[PDB]
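Participant: No letters, just coordinates:
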RNA sequence: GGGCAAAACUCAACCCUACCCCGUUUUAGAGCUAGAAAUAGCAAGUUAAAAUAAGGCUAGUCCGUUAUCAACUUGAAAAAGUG
DNA sequence: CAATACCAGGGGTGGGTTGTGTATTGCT
DNA sequence: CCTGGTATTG
Ligand SMILES: [K+]
Ligand SMILES: [K+]
Ligand SMILES: [K+]
Ligand SMILES: [K+]
Ligand SMILES: [K+]
Ligand SMILES: [K+]
Ligand SMILES: [K+]
Ligand SMILES: [K+]
Ligand SMILES: [K+]
Ligand SMILES: [K+]
Ligand SMILES: [Mg+2]
Ligand SMILES: [Mg+2]
């Protein structure tokens, strides 16, 4: 017979269905294997495979990087110790041993328990002298005396082990370190530019004001308030704001045209500033330079909170200041508490559980938690004003190793280390000879372009070696072929040209590439004037003239410039009409202008002889971000430029890559013409062919060479092909499961390929939205965050999120919005919900009243646009509002929405265009249709139809085949069945639609695509449609409105649906990552081989990879008498390899004896067992079970629950709304009935006596509640019966905690069921037959 | 119209390298006084070492948490096969 | 033995890719 | 968050 397949692909489920030409679901007798008495079973050909979500490779990669980092840090310490080996041997022959075994307890220590000095007196004396490591570091930096080699090692090792970040390149340039010295020089330069309006900085304490621990805006205010007649938005105020790290706008200071927002931290900044400089010149260059220097000094004084006069170890001195102030403040706080709150001293200083000082030090309290706990204690006390201020500045009782130490650059640690080396090399000759080695150990970092230093056993590595010896930081340049390794980095990184697959893609900012884009756009530009009959192309001379006169003198070329600056000036046209370009030219020559500003040699740029050198320069600037490598590759061109241009160029940086190779653009030439693609793009007579026309023109060579070039390589497997698809790994796991389901379904139907396969794909935090708001107000320069504090979780509500996105302003009315009145306010859809279902914040907007939007059918009225356009663009620059949202807000000025707009919105709602769905369709099509005809065209025996969820959702809502997701998992299978039905019927009714729905090769649309699915309806908003629905041409019947609806209903009401939870071996981390303290418990796992957890603590809570059923004997009692057992042993992920290498030895080491090797059953997670009365359990672990049954609630109750709970929308037909409400009230008794159907189920399968009794009491409690709320809570009640892991749920206000199945003893005598992917093929094993 | 390409603006999803900072764990940093002793009173507290998936062989300044997996007949395996 | 309350490593820096809609020029 | 491990508690 003939049949079709319906599929619903999700992130966790693949629903599948088989239908006949009558839209019926077949049933079949399937053979049952095993050792049970049942040999076959009847099954319906509907079901749904369920699985756990597929995970990305991000967490694995981060674990891998942390692993490599720990390894290499240990290697750094090893290098330092090998350097110190021979002399430390003379000083202390067991020092490094004591350091290595510092973790062991004294019982296991092979040496003295005191690490540094091997005796208690010297150790205690050391600690008294240096309370922290930073004391010793500063001392070794400053003191002139010879020091103990062990203390030198400790200081250098602490500097190398925690060496600081690498965000700053080169040396730190410590001549401009003082904030006052740079602020005074900034005042000098500013007064230089303005002799008439100077600023007197006398008595201005810039050090205290600018280095204070306050917000940047507050420090700006405090500095400006010290300058009378000067304001914060003046030029000097904006310069100070730029130095503090803010985003000033210099547009108003220089009477500019548009925004000149600067910020030193943005990567664009350089360009930005130089852009700005073009407006006013180079007089202000060194002014902004002085501002940047002042900013660097402030960034340093943020870290080096100590003056640099007395010491050369400012970091260690700042740490010592922390320690001393902590000591003073702690002494004072204890004295104060003894004075006024001696009742609370012990809780504060002895209680670790409380967030006092004790928990802050010994417990688990954090600095923030400690501040919150002790702030009211300080406020209630007297004499704590200084301590209170210190708390508010986040600077009280501070430790030295804190979270904010991440801003410390490595050059600071390097300065202190180099100072110690200089001091102590006068006494230790090996320190003098190895100074640069020890410095290298701190500075050297494996380059980003080299990767893992592997030797042929790493799938991540790509490095090649000049010689075959061990790589150290010192011999790196001699062992590693940096040239070939960087070349391989390039090859691994860059995409290939698709037309020429053996050629690399040009950089996105290549001069040749932007020339290509400009000429390709400019070629298809036509123009017309009065004395012209027809618009004409530009000639080659015209195009070269427009390039030389406009594209090489202005970064952007506007149509206005094209008309006035070219056609008026050269062609003498008073008027002209341009076509092919609107507003401005998308393409431009930005790289040309960059290199023009840098090299200052327009002739050098315009010489065809310099094409190769400039291309290589741009390539080098795009490949790398490393200063060393960039400097290295531009040395061949060092003779052509001076040092100033060379430095400017070294700073020039680019990212991104094009999509075409250079051999395609200006390499291959037409055989006849001898011209390249770019040659035609510059001049093609009057034809003016562009890139597409140039590679698709049979008249010229290119197409032939392209076809000669392309190669279809060695084909991927199915799994490989799916993996290489663009998309999330979850949906790709779903796709692979879909293909396997389809394979097995074809196998079930006697290997007969179906006629149709309908596929549907489901379309489907706090920190990122808080980040949006945080950056948005920062850019806006507003203070609403200051006025209204809000936590990240509070943004679960969408109204508050929209509010803080809108800066207190109303989006349709220029009026402030009230925080406390947020209840009344209205969330409106920019493009309305009637036309588009976009419930995202992108089509959402918070306003005082919906009315103020203007009319509803169109986009907000032109008046509202004219009003709020500036505020909308300001929110767009702050990125609080996206460009899509902005364009939708202002569409009225462009005419609102056209008829084509609405028609296309509908068509996109109905036709799927998502690429991943097309890829799945391609895979299924290429697997089903494999033969060719006499014309060698593909034989499409199977048709792959693709649907969007709105079709079947609307079908359910129209004909009341409602879905309730929380009842069971049948809705996936039902979605698949309805997909098959609707797709098949739709393409039967309208074959012309195949173009839109099958894979392979005025206002009319608004009515057509909105009425395509009306042939199911009997009545219409007039004419009654025929009860029988046929194809107009073939006459074949497509839909019987008297029977096929009944068929769909009978199919949806079927209780037997093949729901299969995919059994899976667990993978990932061995256990919880927490390192637990020591404890007397055999659940603790040692973190090292010899670290007994009873002494050293360790891990617990491992993940079971899979359980194993063991039938064996164990020793019982002192006599060790063998007693027979049959139990579940969970093999952990960590034990899995050793178990699989030899299971017998593994089990015997566990204590089992005489193991029946052939009765060992591997049981992954979710293994299915059946017990009595059809009760089913799934394996959640070796010692816990999940619910294994589905509640097949009758369709009547599903529809009643949908309607009574107001599950989605109300029908919108007032008569029909009253119809449905009357049905709900007439069938109210269903409530009780539903409960009964649950109770019975729970009594037969769930077996939670206490939970069921509490649920029944709760249901009887709220019997006078409205029907809608009782139904909405009955919807929750299905958590008790849902398949899978138990969960807690609320019925009204009563909470029902999950009942767990903490024992797997019963499944050992149950029936184990092995199901195929559809669950149609089974193997049933009676486990009670094993053991004895 | 369906598929496709490049440019412009855009946001979502993914893949990879080199590093940084905390956290946790054990040990070290002589607790004192009064008691037989339980215990009570006070003193102190900020730091470091070392581990940071057990570990593996290929012994690399490498690898170790992604993807893939019902059962059965083969095969050592990858694979094929069975209702 | 089974019921049950508690708990689960976090933050930052670089690069590359496909796909998303909007609209320009085009191929097929 | 979800859901399985874990110690408490009878
Ligand atoms: K991390
Ligand atoms: K010992
Ligand atoms: K002032
Ligand atoms: K703490
Ligand atoms: K444009
Ligand atoms: K770069
Ligand atoms: K896995
Ligand atoms: K997993
Ligand atoms: K299975
Ligand atoms: K893109
Ligand atoms: Mg390790
Ligand atoms: Mg630490």
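Facilitator: Great, that's in hand. Numbers count the residues shown, from 1 in each chain, chains lettered A, B, ... in the order given. Ligands and ions are numbered 1, 2, ... in the order given.
Participant: what's the burial count for the residue of the stretch 901-1050 of chain A found nearest RNA strand B?
Facilitator: As assessed by CB to the nearest atom of the strand, RNA strand B sits closest to residue A:995 within the stretch 901-1050 of chain A, at 4.4 Å. Placement of C-beta: from N, CA and C, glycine included. Number of residues near residue A:995 (other CB atoms under 10 Å) recorded here: 9.
Participant: That one and residue A:911: what is the separation?
Facilitator: As judged by CB to CB, to the nearest Å, residue A:995 and residue A:911 stand 10 Å apart.
Participant: hmm, back to that, name the helix or strand for the residue of the stretch 901-1050 of chain A closest to RNA strand B, please.
Facilitator: helix A:994-997 (DSSP states H and E).
Participant: Give the buried residues for the lengthiest helix in chain A.
Facilitator: Longest helix of chain A, by residue count under DSSP state H: helix A:58-91. Residues A:76, A:79, A:80, A:81, A:83, A:84, A:88 are the ones in helix A:58-91 that count as buried (16 or more other CB atoms under 10 Å).
Participant: just how off-centre is stretch A:494-508 within its chain?
Facilitator: 28 Å (CA atoms, centre = their mean, to the nearest Å).
Participant: meant to ask about stretch A:461-470
Facilitator: 34 Å.
Participant: That stretch vs DNA strand C: in contact?
Facilitator: No. Stretch A:461-470 does not reach DNA strand C (CB under 7 Å from any atom of the strand); its nearest approach is 12.6 Å.
Participant: and the gap between the closest residue to residue A:961 other than its chain neighbours and residue A:962?
Facilitator: Leaving out its chain neighbours, the residue that sits closest to residue A:961 by CB to CB, 6 or more residues apart in numbering is residue A:1052, at 5.9 Å. Between residue A:1052 and residue A:962 the computed distance is 10 Å (CB to CB).
Participant: try residue A:1307
Facilitator: From residue A:1307 to residue A:962 the distance is 36 Å (CB to CB).
Participant: who has more neighbours, those two?
Facilitator: The residue with more neighbours, out of residue A:1307 and residue A:962, is residue A:1307; 25 against 18, by other CB under 10 Å.
Participant: tell me the contacts of the more buried one?
Facilitator: When contacts are counted by CB atoms under 8 Å, 6 or more residues apart in numbering, residue A:1307 touches A:1128, A:1169, A:1171, A:1177, A:1179, A:1185, A:1327.
Participant: mind giving me the domain split of chain A?
Facilitator: When chain A is parsed with automatic domain parsing, its domains come out as A:61-167+A:410-463, A:179-303, A:314-407, A:496-709, A:766-893, A:1186-1309.
Participant: if we can go back for a sec, would you convert the buried residues of helix A:58-91 into CSV that also reports distance to residue A:999?
Facilitator: Shown next, in CSV, are these (distance: CB to CB, whole Å):
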residue, distance to residue A:999
A:76, 57
A:79, 60
A:80, 63
A:81, 65
A:83, 67
A:84, 69
A:88, 73
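Participant: picking that back up, can you count the residues close to the residue nearest to residue A:961?
Facilitator: By other CB under 10 Å, the burial measure for residue A:1052, its neighbour count, is 23.
Participant: do residue A:308 as well
Facilitator: The number of residues near residue A:308, taken as other CB under 10 Å, comes to 15.
Participant: Residue A:1330 and residue A:1308: what is the separation?
Facilitator: Residue A:1330 is 8 Å from residue A:1308, where distance means CB to CB.
Participant: What of residue A:1257?
Facilitator: 35 Å.
Participant: higher neighbour count, those two?
Facilitator: Neighbour count, other CB under 10 Å: between residue A:1257 and residue A:1308, residue A:1308 has more, with 18 against 11.
Participant: Hmm, that one is touching residue A:1125, no?
Facilitator: No. When contacts are counted by CB atoms under 8 Å, residue A:1308 is not listed as touching residue A:1125 (9.9 Å).
Participant: Give the residues shared as contacts by those two.
Facilitator: residue A:1331.
Participant: can you give me the strands in the stretch 751-900 of chain A?
Facilitator: Ranges of strands in the stretch 751-900 of chain A, per DSSP state E, counting those that start in this stretch, are A:756-761, A:826-829, A:844-847.
Participant: out of these, which comes closest to residue A:1132?
Facilitator: Closest approach to residue A:1132 among the strands of the stretch 751-900 of chain A (CB to CB): strand A:756-761, 36.6 Å.
Participant: Summarise which helices and strands that closest one is packed against.
Facilitator: In this structure, strand A:756-761 makes packing contacts with strand A:3-9, helix A:729-748, helix A:915-928, strand A:943-947, helix A:970-989, judged by 3 or more CB pairs under 8 Å, 6 or more residues apart in numbering; DSSP states H and E.
Participant: go again using 6 Å as the cut-off
Facilitator: strand A:3-9, strand A:943-947, helix A:970-989 (3 or more CB pairs under 6 Å, 6 or more residues apart in numbering; DSSP states H and E).
Participant: This completes my enquiry, with thanks.
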